[PDB]
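In: Quick one, structure for this:
(6 chains)
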Amino acid sequence: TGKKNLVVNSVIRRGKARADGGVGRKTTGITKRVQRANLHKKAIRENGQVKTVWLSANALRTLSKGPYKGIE
Amino acid sequence: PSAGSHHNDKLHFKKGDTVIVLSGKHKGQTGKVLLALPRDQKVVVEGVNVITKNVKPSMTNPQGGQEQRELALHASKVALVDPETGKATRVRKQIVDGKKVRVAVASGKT
Amino acid sequence: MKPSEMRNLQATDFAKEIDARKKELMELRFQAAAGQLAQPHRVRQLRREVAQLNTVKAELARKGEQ
Amino acid sequence: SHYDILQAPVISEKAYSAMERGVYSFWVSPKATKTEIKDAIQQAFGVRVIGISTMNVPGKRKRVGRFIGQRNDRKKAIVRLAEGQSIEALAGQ
RNA sequence: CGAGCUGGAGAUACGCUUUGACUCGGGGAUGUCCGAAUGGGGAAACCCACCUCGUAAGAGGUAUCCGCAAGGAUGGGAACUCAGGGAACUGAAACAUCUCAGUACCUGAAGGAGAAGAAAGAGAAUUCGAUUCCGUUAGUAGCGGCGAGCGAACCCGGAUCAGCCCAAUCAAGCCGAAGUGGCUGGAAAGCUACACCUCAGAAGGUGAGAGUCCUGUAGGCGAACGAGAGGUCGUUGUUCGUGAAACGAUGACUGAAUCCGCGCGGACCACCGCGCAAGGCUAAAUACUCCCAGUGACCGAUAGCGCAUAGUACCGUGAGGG
RNA sequence: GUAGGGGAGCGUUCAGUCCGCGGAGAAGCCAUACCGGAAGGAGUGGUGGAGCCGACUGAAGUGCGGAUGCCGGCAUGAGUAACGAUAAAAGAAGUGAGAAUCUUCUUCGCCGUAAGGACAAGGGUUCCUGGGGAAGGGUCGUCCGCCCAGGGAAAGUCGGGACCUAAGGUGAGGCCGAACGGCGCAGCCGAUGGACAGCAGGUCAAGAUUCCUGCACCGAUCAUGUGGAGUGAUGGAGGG
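Out: Residues are numbered from 1 along each chain as shown, chains lettered A, B, ... in the order given. Sure, structure below:
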């Protein structure tokens, strides 16, 4: 989970073969199709007073700059 | 087991009035009501009677014989009468006891 | 028994009107299990009474302060 | 009050026999700790209590009826007055 | 309400009642111990403490989270709603694709209903103009190991129909018309002979088949007081399984403008055209059904619910079955 | 004439309609040498004790011998095999409607590191007394661990709790996590372990280091005297 917005939870991952032919080979057969999840990280921050909490790149970046309710 | 509600636990009469027993045996026979059992539609008018034999086992010197006693009835007796014959009821009002209401048929008493 | 001639009494008298009925009620109950309870009903009454004995007293609990 | 809690007197023969020696015993209430009970009694019969014994008693009966039965749980308690023998006369019974 | 009551049970004793019980409507007060349970402990209903009020008895407070502060939250709900997670069998007469399905199941949140909602839309007539639901369009367009098979939307008809705001009568209940004789019978409401009522001849009960005996019905009354952004990579949704495949959506990286501005109209460009996203709340029609009433070319006891009642006996360590 | 196709009908229930039927007696049941081409129908008699035929039409949980079918009843096997350790019994007496099978007495035999006694767990009232006699007791039963009713269980010191901790369980702040949730210091719960004040007798039909009797011990609170001064922690050590 991040500061601004939650995260994690992701989606499936395919894997095709015969991949790419004359502008188009015969086609792209699939052989995978499963399922996955994507995470991030943290750095200590705080508002009101001292904290720590997780901080998502795409937030520690947005916070590194203009702060929004939260201070780096 | 349903029971005596078909009517409506309402006795069309008092455990004190006088009534003639229409239909069934004891037709036209009358007598002062005694038991007013509404729920069940039970009536004890000095009319019907049976001589029962009491079951008094180790009941202090048994000597149990055959008691004459009244047997209850249902809506089988048409409540109260004045013309000396079964009579509906209808023209109520009140008395010097406006705190109440009466009943009456062709005539008007009870 | 409930009419004003009930409330008509004090707060302690109320108590007095209670702690005694269950002093009767007791001897009664004793009698019972001791054999001789000829006054089954008496019990009920006695009981009944103490209910009101409080029921009423509770009625004051909102009447005189709200 | 005082008169509360005691539930009834213990009839039986022994008990009654125990009485001929100044030991009284009635059924108190289940949850009726020794002290309270020791109290009650005294002040309901005017007298003190030198000793007190108490312990619980289940019940589970019936006559018939696919209704088995059910306990009824009691708590017969026994007290020993001081040389100041007797409780009223609800003893001489 | 008006003269019985004293629960199922029916049995006896004591009694209570017109100084209006009983019973029925509707507010109160009592409401032990457990259970969110929450003074602490705990193998549920048990064990132990503390502060305060207090003549003893006895009363009250003592959990955690938001909040100055009131005040709110923790649990429980048959199905219905959305959300996070999400199978296999099965089909493809084998199977990896796909199908079965985003169903079954798990969890979260919630209400009586939800959800969705006021156009960076759909869509082509330079039209319609929130959302939802029904019919239809149409099994058409399309997707598809282009196999098995899956399958829209616009238009049109109908239910219901609002957009507004930010930030710079039903329950209790009371009244209610109109028949007698003879006959068959153990008993008649049946037969029969003359009689009446009928805005009430719906129904149930009466010792057999009942308009006129009872309870009722049509119809009338009826209460203190109670309700009503763009992109690159990984992927995905919509008919969309990479295909030339847009747009939406997002984990990751990046990263704009602002009217001679911005987005889109299935790559893509110009032209023409529709709309203005990154703030929000919102009846109504919709779904279900624990409960209630009425009905039923529904059952009538091996049926019907598992139960004419019982989730009981009984089986299991238990989940559970019954 | 088998699979299969085609035709016409019989019967059950429910439903709308017509004619009706019934307590001097309906449905169902039971009997029968009638009728019809079959499915089937009728008459008469018996039982029965209240709803019910026939006709047209509509709808159907609509027709059965089979599924090692399902529920239930009842058979065969057959007064068969069994009566659950080869520790044996006999007599007298008694009670009783009735006893090989109950009680009494006198002998016999079997266990005797047990087939005796005392706990724990576990089960509950199965304990004791008076009754009972259906069903249970592999037979009898006058009896019972079975049915009924009543009584019975007594603790400052025995076990446990108001003390302790182990494993392990839980756990404010804390560490992780799609949800649910997963871990985690202190603190807490947790014996099976530590700690800790009685013992000798008597005795209900039925209780006992609990009641009684004799004598004793522990803590707690207050009174009195003695004293004549510190007392001494959620911390230290020692120790357990």
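In: From now on I want contacts and neighbour counts done on CA atoms only, so please keep to that.
Out: Fine.
In: dump the residue contacts of the closest residue to residue D:40 other than its chain neighbours.
Out: For residue D:40, ignoring the flanking residues on the chain, the nearest one in space by C-alpha to C-alpha, 6 or more residues apart in numbering or on different chains is residue D:2 at 4.6 Å. Residue D:2 makes contact with D:39-41, D:43-44, according to C-alpha atoms under 8 Å, 6 or more residues apart in numbering or on different chains.
In: so the residue in chain D sticking out farthest from the centre, which of the three states?
Out: Largest separation from the mean C-alpha position in chain D: residue D:66, at 33.0 Å (C-alpha atoms, centre = their mean). Under DSSP: H, G, I helix; E, B strand; the rest coil, residue D:66 falls in the coil class.
In: Tell me how many other residues crowd residue 18.
Out: This is for chain A. By the criterion of other C-alpha atoms under 10 Å in any protein chain shown, residue A:18 has 12 neighbours.
In: Chain D is the one I meant
Out: The local packing of residue D:18 (other C-alpha under 10 Å) involves 15 other residues.
In: Just to be sure, it is in a helix?
Out: Yes - assessed with three-state DSSP, residue D:18 lies in a helix.
In: Quick one: residues contacting the residue of chain A positioned farthest from its centre.
Out: Note on chain A: the largest C-alpha distance from the chain mean falls to residue A:22, namely 34.8 Å (C-alpha atoms, centre = their mean). By C-alpha under 8 Å, 6+ apart, residue A:22 lies in contact with nothing.
In: Checking my notes, it in a strand, right?
Out: No - counting by three-state DSSP, one finds residue A:22 to be coil, located in no strand.
In: residue ranges for the strands of chain B, please.
Out: Assigned by DSSP state E, the strands in chain B fall at B:18-20, B:30-37, B:42-45, B:50-52, B:67-69.
In: how many neighbours does the closest residue to RNA strand F within chain D have?
Out: Using C-alpha to the nearest atom of the strand, residue D:53 is the residue of chain D that sits closest to RNA strand F, at 3.1 Å. Other residues near residue D:53 come to 12 when the count uses other C-alpha under 10 Å.
In: Phi, psi for it please.
Out: Residue D:53 has phi and psi values of phi -130, psi 140 when expressed as degrees, to the nearest 10.
In: again with residue D:25
Out: Per-residue torsions, residue D:25: phi -160, psi 120 (degrees, to the nearest 10).
In: quick one: contacts for the closest residue to it other than its chain neighbours?
Out: Nearest residue to residue D:25, sequence neighbours excluded (C-alpha to C-alpha, 6+ apart): residue D:78, at 4.2 Å. Residue D:78 makes contact with D:23-26, D:52-54 under the criterion C-alpha under 8 Å, 6+ apart.
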